């Protein structure tokens, strides 16, 4: 047993000092398609649960700072649930829905917040290092608890980056969908000429059928690829 009671108290303060607040940006659906809405909701649910778990992590660091203070005293005296999973068309309706909404701007801003948060957590792990002049079974036990919190923090940073990547992925998907889905204006132009020109109808119809088939393909990919896994953080 080597003891430096002052070191123990300094490290108690350092371990429970505030960490950076997680970001609070709400991700909004990129458009009016159900798949897009479900992706945005899944991120809302994941991010909220991450915040709940980050708050419990701060309690854990408070609990640890107290245990250090109790160890310092005693040398003197002798001297959380899972993230819910979100349950996951005519050509013109599909185009209208795709084209209505912010097109992924909020998703990118959500992603920047959580990416940065990941980096900030990674930069605030010095507080969990071993002791210079505290040795014994108590010091070793406490060094194990500190290491557990460091690992937990680094895991939460990984989850933060993964959730940010989920958001960027859905933003990318939406851009792809807009490139590949017929536009509303293109579709209605085709329909107006069909409507006004009886002699053009038999020959216009295969163009329209191809637009409808491309719409079905894009919507199928959108529905499949926008289904996000809930982020389930570990308990601290």
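Positions refer to the first chain, counted from 1.
The records show that residue 78 is omitted from the coordinate set of at least a third of the other eligible entries of this protein. Coordinates are given for every residue of the deposited sequence from residue 116 through residue 117, so that no gap is recorded there.
Count the deposited residues lacking coordinates between residue 79 and residue 80 and you get 10 or more of them. Set 124-132 against 160-168 and average the Cα temperature factors; 124-132 ends up higher.
Annotation for 191-199 versus 39-47: the higher mean temperature factor (C-alpha) is found in 191-199. Highest C-alpha temperature factor among 91, 86, 98, 74, as the PDB entry reports it: 74. Placement of the Cα temperature factor of residue 61 within the chain: middle third of the modelled residues, per the deposited record.
Residue 217 sits in the middle third of its chain by CA B factor, as recorded in the PDB entry. For residue 173, the recorded CA B-factor ranks within the lowest third of the chain. Only modelled residues enter the ranking. Sort the chain's modelled residues by C-alpha temperature factor and residue 19 lands in the middle third, per the entry. Residue 33: CA B factor in the lowest third of modelled residues in this chain (values from the PDB entry).
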